[PDB]
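*Asks:* Part one of the assembly, not moved from where it sits:
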Amino acid sequence: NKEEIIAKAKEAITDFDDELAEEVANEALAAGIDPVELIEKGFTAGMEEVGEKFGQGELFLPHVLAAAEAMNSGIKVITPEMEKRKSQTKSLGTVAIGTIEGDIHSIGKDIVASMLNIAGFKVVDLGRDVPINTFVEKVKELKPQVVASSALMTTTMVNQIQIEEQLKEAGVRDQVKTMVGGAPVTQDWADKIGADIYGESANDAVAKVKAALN
């Protein structure tokens, strides 16, 4: 059974079907199966098979997200039984991401979020126009390895400094490595601001996130 529940969880993701992703997460609950087992032996297995083809140039962005959407359709089905109740953690880094406050551009942030999710990391999307304070509150509440903000304007890119500050005066700036990315964001900005990582793109961000903690 378990082997079959992991065979499905994988098929669910390589096939890009949210339903089956919920089905398996269901027959999974109806077996007492540890959800963390399903999120790794089961879903991330297929998650990583896609990224594999993504790397060879067989599948593209569409497939990454479509697969990430499935992994979430399943994880949703068991978020109650999971961490909420049992309170168990997954593995392979934890990155909190969202578009800086005052900014609603989200396409990019969502692509970075998926490329990470598919790389093997646990992504926590904070949404967009995320108020600076929420970044901080989510950092000490979730205690993630990486905190990422996205800014696509020169006027919302400036708010990334505030993430650095309010994080320092929260006594957690040293508890997590920050990352900055966006069309106007550059390495110089990352340095000048004091950000740990600079994401040139979704691939560069994934490569640097692991090279920074992996």
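*Replies:* In hand now; what should we look at? Numbers count the residues shown, from 1 in each chain, chains lettered A, B, ... in the order given.

*Asks:* Dead centre of chain A: give me the residue that sits there.
*Replies:* residue A:123 (2.0 Å; CA atoms, centre = their mean).

*Asks:* so where do the helices sit in chain A?
*Replies:* For chain A, the helices defined by DSSP state H cover A:2-14, A:18-29, A:35-37, A:45-56, A:61-77, A:107-119, A:132-142, A:159-168, A:187-193, A:202-213.

*Asks:* Can you name every helix or strand that the longest one contacts?
*Replies:* Pointing back at helix A:61-77 there. helix A:2-14, helix A:18-29, helix A:45-56, helix A:107-119 (3 or more CB pairs under 8 Å, 6 or more residues apart in numbering; DSSP states H and E). C-beta: built from backbone N, CA, C; applies to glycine.

*Asks:* re earlier: out of the helices of chain A, which comes closest to residue A:90?
*Replies:* helix A:35-37 (5.7 Å; CB to CB).

*Asks:* how far out from the middle of the chain is the closest one?
*Replies:* Centroid separation between helix A:35-37 and its chain, computed with CA atoms, centre = their mean, to the nearest Å, is 17 Å.

*Asks:* do stretch A:152-163 as well
*Replies:* So, by CA atoms, centre = their mean, the centroid of stretch A:152-163 is 21 Å from its chain's centroid.

*Asks:* Look up the closest residue to residue A:177, ignoring the ones flanking it.
*Replies:* Take residue A:177 and drop its neighbours on the chain: the residue closest to it by CB to CB, 6 or more residues apart in numbering is residue A:196, 3.8 Å away.

*Asks:* quick one: that neighbour and residue A:78, what's the gap?
*Replies:* The gap separating residue A:196 from residue A:78 is 32 Å, by CB to CB, to the nearest Å.

*Asks:* now do residue A:6
*Replies:* 14 Å.

*Asks:* Compare the helices and strands packed on helix A:61-77 and report which one is nearest to residue A:65.
*Replies:* helix A:107-119 (4.9 Å).

*Asks:* in the closest one, what's buried?
*Replies:* A:108-119 (16 or more other CB atoms under 10 Å).

*Asks:* between the residues you listed, which is nearest residue A:71?
*Replies:* Among the buried residues of helix A:107-119, and counting by CB to CB, the member closest to residue A:71 is residue A:117, at 7.0 Å.

*Asks:* just checking, that closest one touches residue A:70?
*Replies:* No: here residue A:117 does not reach residue A:70: they are 11.1 Å apart, not a contact under CB atoms under 8 Å.

*Asks:* then add chain B to what we have above:
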Amino acid sequence: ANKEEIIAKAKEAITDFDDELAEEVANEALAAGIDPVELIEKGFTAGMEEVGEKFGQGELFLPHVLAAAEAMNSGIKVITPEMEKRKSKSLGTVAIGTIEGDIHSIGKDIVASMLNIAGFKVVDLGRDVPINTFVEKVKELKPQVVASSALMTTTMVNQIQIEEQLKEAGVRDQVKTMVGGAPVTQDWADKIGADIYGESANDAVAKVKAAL
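*Replies:* Below is chain B, added to the chains above:
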């Protein structure tokens, strides 16, 4: 690949109606030195019979039946010389064609293919086939049955001459004749004293098997 995989790729070539795939497998077969008879019998024929089933279950129709017979022909044309340089199974051979003065043929081609997929080795004489050629074929191939197709009441009549000239050559007593066509009925068959009447292709098949 190993014979096992080649035999499968040969069945798939048929179930997918893919001539190019049937030809490639035939080459993998000849290259491996594998016997053509095992490629045909356990390979194409396997996939050929599968189509016949799905056809008998209304899941597939004529387009599929003729395509499958053709995918198989492609791959066998390749391994033909081979089978020749080594010598070589059908439920029995069937020789068919439309009678002289009749260029109708879509059906004859369908009855013919509805047989190839059943098992019989069909020998298509074409269309507008003069009576003589019909007779001069019974003596050469000696197939289990000589079938004719008339769609005109004017050419339907020629179906008699096939009788009055196969007895004229002491060969009638050998092969069972068969007539079919829009204008052809069971009576007309009984009248000219033919062996089997072909209602439709399916029927013709079922009836040719009746002579087991």
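
*Asks:* can you list the domains in chain A?
*Replies:* Domain ranges of chain A: A:1-78, A:94-211, per curated CATH domains.

*Asks:* Need those domains in JSON lines (columns: distance to residue A:85).
*Replies:* Output for these, formatted as JSON lines (distance: least, CB to CB, whole Å):
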{"stretch": "domain A:1-78", "distance to residue A:85": "9"}
{"stretch": "domain A:94-211", "distance to residue A:85": "17"}
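
*Asks:* ok, what's across the strand from the residue nearest to the centre of chain A?
*Replies:* residue A:95 (DSSP bridges).

*Asks:* In contact with it, which residues?
*Replies:* Contacts for residue A:123 were tallied using CB atoms under 8 Å, 6 or more residues apart in numbering or on different chains; they are A:95, A:97, A:113-114, A:116-117.

*Asks:* rerun at 6 Å
*Replies:* A:95, A:113, A:116-117 (CB atoms under 6 Å, 6 or more residues apart in numbering or on different chains).

*Asks:* for residue A:202, same thing?
*Replies:* By CB under 6 Å, 6+ apart, the residues touching residue A:202 are A:111-112, A:115.

*Asks:* and which of those is nearest to residue A:13?
*Replies:* For these, the nearest to residue A:13 is residue A:115 (15.1 Å; CB to CB).

*Asks:* gap between the closest one and residue A:199?
*Replies:* In terms of CB to CB, residue A:115 sits 10 Å off from residue A:199.

*Asks:* could I get the contacts of residue A:123 as a markdown table with distance to residue A:176?
*Replies:* As requested, the contacts of residue A:123 are exported to a markdown table (distance: CB to CB, whole Å):
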| residue | distance to residue A:176 |
| --- | --- |
| A:95 | 9 |
| A:113 | 17 |
| A:116 | 15 |
| A:117 | 18 |
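
*Asks:* Give the single residue among these positioned nearest to residue A:160.
*Replies:* So of the contacts of residue A:123, ranked by how close each gets to residue A:160 (CB to CB), first place is residue A:95, at 15.7 Å.

*Asks:* Give the burial count for that closest one, as a bare number.
*Replies:* Burial of residue A:95 is recorded as 26 neighbouring residues (other CB atoms under 10 Å in any protein chain shown).

*Asks:* Residue A:80 too?
*Replies:* Residue A:80: 11 neighbours (other CB under 10 Å).

*Asks:* can you pull the contacts of it?
*Replies:* Here residue A:80 is in contact with no residue (CB under 6 Å, 6+ apart).

*Asks:* include chain C as well:
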Amino acid sequence: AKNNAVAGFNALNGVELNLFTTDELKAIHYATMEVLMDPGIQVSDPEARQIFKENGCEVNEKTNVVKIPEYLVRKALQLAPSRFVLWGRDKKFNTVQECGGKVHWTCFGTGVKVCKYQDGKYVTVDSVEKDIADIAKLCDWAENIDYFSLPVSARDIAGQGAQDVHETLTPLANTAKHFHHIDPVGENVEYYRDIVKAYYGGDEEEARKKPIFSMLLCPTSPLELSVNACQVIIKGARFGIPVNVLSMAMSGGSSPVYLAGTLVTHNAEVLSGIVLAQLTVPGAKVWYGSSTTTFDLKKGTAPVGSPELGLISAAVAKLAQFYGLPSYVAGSXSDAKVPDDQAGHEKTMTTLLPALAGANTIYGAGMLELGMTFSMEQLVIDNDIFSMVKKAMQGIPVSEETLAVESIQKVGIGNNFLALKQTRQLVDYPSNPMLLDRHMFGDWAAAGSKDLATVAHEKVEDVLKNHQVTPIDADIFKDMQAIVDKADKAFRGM
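*Replies:* Adding chain C to what we have so far:
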């Protein structure tokens, strides 16, 4: 290499049928605006008369005649939505009604009798609430029957309760498709609203957003709206219930012998109904409808399977398109008393024209005996006819792929296309009728030498027996059933 870059190309997708030129549509319009001022329209309902008067119409209280100025016709047309969605109990049965050529079919309504074979002899028995239930099940099954229309009258409820309210729950209970009430009662529209409100758990906002119920009304030809008609319109607009303003004039009878003049009459009647709807509530969902036909001066009957009905329905569709409104017309109708050669002819004649014309809803399926009877046999036959009609409507697609030159060259002279990849992949494209017999004599005689009617009948028997309709939640049903009971009590209290 093979071309894959072509400059602008003009194409005609499907089959286009024309009856008028802009000048001609304008002629009919002007003639109608003329008629709307003289003799005008008689509005019996005082409340409607007031709504007309409040907006600028001249209203003579002694004669009750209303003269609608063209600016109000224009205003009303700017307010009416070009489209709206008819929801089914099942979302997959949702049907869009919009200005254009998107065609849909619905059965006819409402017969007073129902065909039923009895010992070889053809037989018609007066309709009862149960017949509505059977017909509703059948229609739920028919794929070319987009939505359900009150097929026959619940005669057995007449005088015992609120017939029209029974004629509402029964259909809704036996079909997951949208229901169009062919014979609503102005006074009881609240009950319909409540029954639909119940279905949606008392959520009136939901009932308005996902209308599973719509209703029809007929202007009294020539040129007058009855009180019931006005109430259905007014209440309909206020309760967010799609209304079908369907004229029913007759050439030589209640309108000119000339079809064009009959259209002017029909046009005035319907537009006034539509104007009322928009003045009551701007943006009210409405249909420009018609069942107008020609009165047979030589037979003193109202033939509804004639070529005139097909032409008028086709014309009304063109007019609706011209005014920017969805159309609802008669089609697939027959005067035949039994499902014979005549039914087949008339049904195809009266359906093909309005379909090729672009009528958004064509009602008539299942009809016989000039609208007096409903035949389930005929209903499944019509459903099959619509598949054939849908095929004809695909016209002749012209592209490099369809021209298939490479296939022709590949096959070559004297060979066939049976084994081509092309042919197999498209095995499901050609028309494939469900009931129409295409076998040769032999196979046909062996199946029993059955005419279309008996074949249809065996199909009806099979469908009524094995088809499953998405039932309504038993609890929700109780609430809906309650409203019907409430309506019945009130009826007895009269």
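
*Asks:* Revisit the contacts of residue A:123 given that chain C is now included?
*Replies:* With CB under 6 Å, 6+ apart, residue A:123 has these contacts: A:95, A:113, A:116-117.

*Asks:* Now distance to residue C:179 too, for those, in a markdown table please.
*Replies:* Converted to a markdown table, these look like this (distance: CB to CB, whole Å):
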| residue | distance to residue C:179 |
| --- | --- |
| A:95 | 53 |
| A:113 | 47 |
| A:116 | 51 |
| A:117 | 47 |
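
*Asks:* which non-adjacent residue is nearest the most centrally placed residue in chain C?
*Replies:* With distances taken as CA atoms, centre = their mean, residue C:363 lies nearest the centre of chain C, 3.2 Å away. Closest residue in space to residue C:363, ignoring its immediate chain neighbours: residue C:106 at 4.7 Å, by CB to CB, 6 or more residues apart in numbering or on different chains.

*Asks:* What parts of chain C come near chain B?
*Replies:* C:416, C:418-419, C:423-424, C:427, C:442 (CB under 6 Å from any CB of the partner chain).

*Asks:* What number of residues are in the vicinity of residue 183?
*Replies:* Picked chain A for this. Neighbour count for residue A:183, taken as other CB under 10 Å: 13.

*Asks:* sorry, should have said chain C
*Replies:* The burial count for residue C:183: 17, using other CB under 10 Å.

*Asks:* was I right about it contacting residue C:112?
*Replies:* No: using CB atoms under 6 Å, residue C:183 is not in contact with residue C:112; the gap is 10.8 Å.

*Asks:* Just the C-alpha atoms of stretch C:13-28, please, in CSV.
*Replies:* Extracted C-alpha coordinates of stretch C:13-28, given in CSV (Å, rounded to 0.1, in the frame of the first residue of the first chain):
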residue,chain,number,x,y,z
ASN,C,13,-17.0,29.1,-40.9
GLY,C,14,-20.2,27.0,-41.2
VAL,C,15,-23.2,27.8,-43.2
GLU,C,16,-24.6,31.3,-43.6
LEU,C,17,-28.2,31.9,-44.4
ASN,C,18,-29.5,35.3,-45.4
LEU,C,19,-33.0,36.7,-45.7
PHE,C,20,-32.4,40.4,-45.5
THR,C,21,-30.2,43.4,-46.3
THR,C,22,-29.7,46.2,-43.8
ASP,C,23,-32.2,48.3,-45.8
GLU,C,24,-34.8,45.6,-45.3
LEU,C,25,-34.3,45.2,-41.6
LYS,C,26,-34.6,49.0,-41.3
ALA,C,27,-37.8,48.9,-43.3
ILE,C,28,-39.3,46.5,-40.8
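
*Asks:* And the contacts of it?
*Replies:* C:263-264, C:315, C:318, C:322, C:356-357, C:393, C:395.
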